[PDB]
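In case you want the letters, here they are:
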Amino acid sequence: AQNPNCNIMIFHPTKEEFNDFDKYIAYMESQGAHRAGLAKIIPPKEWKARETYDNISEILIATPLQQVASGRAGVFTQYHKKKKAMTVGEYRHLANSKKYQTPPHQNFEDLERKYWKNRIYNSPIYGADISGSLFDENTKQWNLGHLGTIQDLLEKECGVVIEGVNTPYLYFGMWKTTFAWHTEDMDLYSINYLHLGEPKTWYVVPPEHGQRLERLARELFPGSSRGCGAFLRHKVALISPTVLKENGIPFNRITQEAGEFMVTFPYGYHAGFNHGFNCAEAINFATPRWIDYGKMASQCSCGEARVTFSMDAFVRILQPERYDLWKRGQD
Ligand SMILES: O=C(O)CNC(=O)C(=O)O
Ligand SMILES: [Mg+2]
Ligand code: NI
Ligand SMILES: [Zn+2]
C-alpha cells in the first residue's frame with residue numbers, strides 16, 4: 001500500500017507530464033497521494049497561468065464577508081457578515097491597512113502560532129466565492145476554467161446525461177481570513193491555484209480517518225450537532241492543531257505559496273487561513289474513483305448548507321433515497 005502514513009505528497013511534473021490532467025491525477029493516486037487528503041503540485045518552470053497580474057484591480061467583490069468568531073481560541077465558529085461591495089484594488093488597500101495587515105513575524109511557524117492565539121479577537125474580511133477565472137485563455141495546461149466537467153464525468157461513468165455546469169471561483173484573502181473544516185460538496189475533489197500574494201496554510205485529515213474528525217466535532221459543538229446530522233457542511237467550525245493533537249485526531253499541515261496548486265481528494269477534510277493579501281482560484285472536479293464517494297456522501301437537510309444548482313442532479317442520480325429530504329432542505 002503506497003503512502004501508508006498518509007503524508008502530504010509534493011509533485012514536480014515536467015512540462016510533458018503537465019499536458020494530460022486526468023492522467024497526472026491518476027499517477028498521483030498510484031503513488032498514494034490521496035491517502036493524505038491533500039497534495040501539492042509545483043508547475044514546471046516553463047509554465048505560467050497568465051502574463052501578469054497588473055490589471056486585476058477593477059474586478060468587483062460584490063459581497064465581501066466579515067468573518068466574526070465565537071468561542072475559544074482553539075474551538076470556535078465563524079459567521080459571515082455581508083459588507084458593501086468593493087473592487088479588488090480597494091480590498092488590497094484595506095488588507096494592507098494597519099487594522100488588517102499581517103504582523104511582523106519570524107517564519108511561517110511563528111505566524112501560525114499568532115494565528116491560533118489571536119484569530120478570534122479580530123474579524124477579517126474575505127472576498128470569497130466570486131465566479132470567474134484569472135487563467136489566460138491561451139494557457140492550455142492545468143487551466144481551471146478548461147477542465148472536463150463533473151456532469152460529463154457522471155455521464156461517461158454511469159451513462160445518464162444531466163443538467164448543470166461547473167465553473168471556477170476566485171478568492172481574495174487577507175491576514176487571518178479563514179476556511180472552516182469541510183469536505184467538498186458531494187465529497188468531490190477540489191483544485192486550488194494560488195495566483196498571487198501571500199501564502200495559505202492548510203490542515204487536512206486523511207479520508208480514511210474523516211469520521212474521527214466528525215465525532216470530535218459533535219463533542220465540541222454539541223448544539224450544532226443536535227441541529228443537523230451533517231453540520232460540518234455548514235462550513236462554520238474551526239478546531240486548532242493543538243486541540244486535534246490533544247484528541248488524537250490524525251492530520252497534516254502544509255503551506256501553499258503563490259504559483260502552486262493544491263488538490264483535495266474525496267472526503268479529505270480540510271481547513272486553513274491566509275497569511276496576507278492573496279488571490280486564489282478553485283474548482284471542483286471528479287474522476288472515476290469519486291463515484292463511490294459521491295454515493296456515500298453525507299448531506300445537510302436542515303436548510304443551512306444551501307448549495308449550487310448543479311448539486312441537484314448529483315443527489316438525484318447517486319442518492320435517490322435521500323433526494324426528497326435533501327430537496328426540502330434546499331426549499
Ligand atoms: O481557499 C479557500 O478559502 C478555501 N478553498 C478550499 O476549500 C478548496 O480549494 O477546496
Ligand atoms: Mg481589473
Ligand atoms: Ni475546499
Ligand atoms: Zn444542516
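Residues numbered from 1 in each chain as written, not as in the entry; some residues may be left out. Chains lettered and ligands numbered in written order. Heavy atoms only, no water. Residues with missing side-chain atoms left out of burial classes, pairs and counts.

Its PDB record attributes the structure to X-ray crystallography, giving the resolution as 1.5400 Å.

Draft legend 1. Examining the pairing of strand β8 (residues 169-173) more closely. Within β8, 4 of the 5 residues are buried, leaving the element largely enclosed by the surrounding structure. Bridge analysis of β8 against strand β16 (residues 278-285) gives 5 bridges, and the strand direction is antiparallel. Note on β16: the bridge partner recorded for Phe 172 is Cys 279. (Buried < 20%, exposed > 50% of the residue type's maximum accessible area, 1.4 Å probe, protein only. Helix = DSSP H or I, 4+ residues; strand = E, 2+ residues; numbered from the N terminus. Pairing = 2+ DSSP bridges.)

Draft legend 2. Spatial organisation of helix α1 (residues 21-30). Among the residues of α1, those classed as buried are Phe 21, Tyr 24, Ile 25, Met 28 and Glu 29. Projected onto a plane normal to the axis of α1, the buried residues spread over an arc of 145 degrees and lie on a single side. For α1, the exposed residues lying more than 90 degrees away from the buried face are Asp 22 and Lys 23. Where α1 is buried, its residues touch β1 (9-11), β2 (38-41), β10 (189-197), β14 (261-264) and β16. Two or three places before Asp 22, at the opening of α1, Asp 20 has a side-chain oxygen 3.4 Å from that residue's backbone nitrogen. Taken from the residues just after α1, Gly 32 is the one with a positive phi, measuring 90 degrees. (Arc of directions from axis to C-beta. Contact = heavy atoms within 4.5 Å. Polar contact = N/O pair within 3.5 Å; in protein donor to acceptor, adjacent residues only side chain to side chain.)

Draft legend 3. Inspection of the pattern of salt bridges at higher detail. Counting across every chain of the model gives 11 salt bridges. A salt bridge links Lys 15 to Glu 16; the shortest N-O distance between them is 2.9 Å. The exposure class assigned to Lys 15 is partly exposed, which follows from its relative accessible area of 41%. Of the residues examined, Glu 16 reaches a relative accessible area of 51% and is grouped as exposed. (Salt bridge = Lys/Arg side-chain N within 4 Å of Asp/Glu carboxyl O.)

Draft legend 4. Representation of the site of ligand 1 in the model. Taken together, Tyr 126, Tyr 171, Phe 179, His 182, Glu 184, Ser 190, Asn 192, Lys 200, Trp 202, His 270 and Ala 282 are the residues near ligand 1. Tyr 126 places a side-chain nitrogen or oxygen 2.5 Å from an oxygen atom of ligand 1. One of the side-chain nitrogen or oxygen atoms of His 182 is found 3.0 Å away from an oxygen atom of ligand 1. Relative to its unbound accessible area of 300 Å², ligand 1 is 93% covered by the protein chains. A breakdown of the residues in the shell around ligand 1 according to their chemical character gives 5 nonpolar, 4 polar and 2 charged. (Near = heavy atom within 4 Å. Areas by Shrake-Rupley, 256 points an atom, 1.4 Å probe, with all protein chains shown as cover. Nonpolar A, V, L, I, M, F, W, Y, C, P; charged D, E, K, R; others polar.)

Draft legend 5. Highlighting the coordination of the nickel ion (ligand 3). Only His 182 (NE2), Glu 184 (OE) and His 270 (NE2) from the protein reach the nickel ion (ligand 3) as donors, at distances of 2.0 to 2.2 Å. If you list the donors of the nickel ion (ligand 3) from N- to C-terminus, the spacing comes out as H-x1-E-x85-H. Of this pair, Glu 184 sits in the loop between β9 (178-182) and β10 while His 270 sits in strand β15 (residues 269-274), placing them 86 residues apart in sequence. (Donors = N, O, S within 2.8 Å, 3.2 Å for Na, K, Ca; no water.)

Draft legend 6. Here's a closer look at the pairing of β2. Alternating positions in β2 separate into two faces, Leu 38 and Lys 40 on one and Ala 39 and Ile 41 on the other, with burial throughout. Note that β1 and β2 share 3 bridges and pair parallel. Each bridged residue has a counterpart across the sheet, and for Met 9 the counterpart in β2 is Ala 39. Following the chain from β1 across α1 to the adjacent parallel β2, one finds a crossover that is right-handed. Across 4 bridges, β2 lies against β14 in antiparallel orientation. (Right-handed = clockwise from strand over helix to strand, strands pointing away.)

Draft legend 7. Quick peek at the sheet that holds β14. An order of β1-β2-β14-β10-β16-β8-β7-β4-β5-β12 is seen for the 10 strands of this open sheet, with the pairing classed as mixed. Edge strands, defined here as strands with exactly one partner in the open sheet, are β1 and β12 (237-239). Within the sheet, the average angular offset between the axes of one strand and its neighbour, ignoring direction, is 25 degrees. (Axes fitted to C-alpha atoms, helices over the stretch in contact; angles between N-to-C directions.)

Draft legend 8. Broad picture of empty space enclosed by the protein. Space inside the largest cavity adds up to approximately 90 Å³. If you trace the largest cavity, you find 13 residues lining it, with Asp 185, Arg 233, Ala 305, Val 307 and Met 311 closest to the centre. Of the residues that constitute the lining of the largest cavity, the class distribution is 6 nonpolar, 3 polar and 4 charged. (1 Å grid on protein atoms, 1.4 Å probe; cavity = no way out; pocket = protein on both sides within 12 Å on 5 of 7 lines; lining within 4 Å. Points joined across faces, edges and corners; volume = space filled by probe spheres on them.)

Draft legend 9. How the structure looks around the packing of helix α9 (residues 311-318) against helix α10 (residues 320-330). At a closest axis distance of 6 Å, the pairing of α9 and α10 adopts a crossing angle of 140 degrees. Relative to α10, the element α9 lies oblique. Across from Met 311, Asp 312, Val 315, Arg 316, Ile 317 and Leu 318 in α9, the residues of α10 making contact are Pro 320, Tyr 323, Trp 326 and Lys 327. Within the contact of α9 with α10, the residues separate by chemical class into 7 nonpolar, no polar and 3 charged. (Parallel < 35°, antiparallel > 145°, perpendicular 65-115°, else oblique.)

Draft legend 10. Region of interest: the coordination of the zinc ion (ligand 4). The protein atoms that coordinate the zinc ion (ligand 4) are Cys 228 (SG), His 234 (NE2), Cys 300 (SG) and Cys 302 (SG), at distances spanning 2.1 to 2.3 Å. For the zinc ion (ligand 4), the 4 donor atoms in the first shell make angles of 100 to 116 degrees at the metal, so the coordination geometry reads as tetrahedral. As a motif over one chain, the donors of the zinc ion (ligand 4) read C-x5-H-x65-C-x1-C. Of this pair, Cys 228 sits in the loop between α6 (222-227) and β12 while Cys 300 sits in the loop between α8 (290-296) and α9, and the two are 72 residues apart along the sequence. (Tetrahedral: all angles 85-135°; square planar, octahedral: opposite > 155°, others 65-115°.)

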